[PDB]
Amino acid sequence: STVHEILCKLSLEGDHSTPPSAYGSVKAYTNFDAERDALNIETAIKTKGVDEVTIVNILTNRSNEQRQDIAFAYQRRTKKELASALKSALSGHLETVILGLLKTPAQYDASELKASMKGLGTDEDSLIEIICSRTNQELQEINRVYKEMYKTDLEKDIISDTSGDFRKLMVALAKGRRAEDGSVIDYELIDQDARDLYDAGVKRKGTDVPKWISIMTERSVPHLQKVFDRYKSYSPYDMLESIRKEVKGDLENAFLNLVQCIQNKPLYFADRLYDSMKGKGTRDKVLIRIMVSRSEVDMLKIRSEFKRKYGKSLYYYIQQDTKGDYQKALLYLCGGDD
């Protein structure tokens, strides 16, 4: 009945973004007030020595949308972009986390991809993680937003910074045009895809990589889960082992990541987190990116898988590997113990 309301109803198109995930660790704050949060954050920033505690407490306990509202209110109050203010006020890994949290999921993924390809030294691990784990919708929005942010198609940058079948696979996946989940189980096609995967790889000298690429990028995820299960009937090694035997380097890394994402994405992210912390120091880039990007998607399942496999909680490992306000932020994004 108000102008804001009218314009909102009219603006909502037909698509309401998408329904929220019940498996995210970060939920929408119930008693949300964007102005109060913007004000408190401003006062925390302008406090001598900077009050990181308050900034973390607020931002890690608001949904991404709510963070956008906070950013808007903050710009309206101070005539300064919140991301810039926090960039100048913060440092180290905490800065990376907060700045990551301030971006929309598409903006965040786009800038992580760009960063992975920026400079002659390409970061294949990050590129692979993002391109192999994102769904059709997520990738459509990523292609769009990447194009808006950097004035270049994501695909062209991928092509510029990759080569061979690794390039072909990355480009194929990035298109985000995987077949959607059908209502019928295509048993015949499951069997035929299993046979084709076997024939293209372990059964022959060398590898028919384009066959693998076609099957593993075009078929729906449930179909491919069944295909990988049927594949074990034909091959003495499962899909992952077969990949390890057939290919190497970037291509192998990409296929392993992809098959993991298809079989069990939460487990995939749990293993990546473990890898980021298990050894000397921390792979902070990966840790942070995963804690930020999965915080409202499947962090609860990631935590479940992690605790099940490694025996201690994700919370525990973060707690042992990081310190200070940075640690506190990551633990907030974790959601809790176990």
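Residue numbers run from 1 along the displayed sequence.
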**Request:** Select between 181-189 and 166-174 the stretch whose C-alpha atoms have the higher average B-factor in the entry.
**Result:** 181-189
**Item:** Residue range whose averaged C-alpha B-factor is higher in the record, 142-150 or 76-84
**Value:** 76-84
**Request:** Name the one of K301, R283, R36, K278 with the greatest CA B-factor according to the PDB entry.
**Result:** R36
**Request:** Quick one: which of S91, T217, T104, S242 shows the highest Cα temperature factor in the PDB entry?
**Result:** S91
**Fill in**
Assert third(CA B-factor, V297) within chain per record equals middle
**Message:** Split into thirds by Cα B-factor across the chain's modelled residues, where does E95 land: lowest, middle or highest?
**Reply:** highest
**Third of chain Cα B-factors occupied by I128** = lowest
**Request:** Using the B-factor values recorded in the entry, state whether the Cα atom of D271 falls in the lowest, middle or highest third among the modelled residues of its chain.
**Result:** lowest
**Asked** Can you tell me which third, lowest, middle or highest, the CA B-factor of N136 falls into for its chain?
**Response** lowest
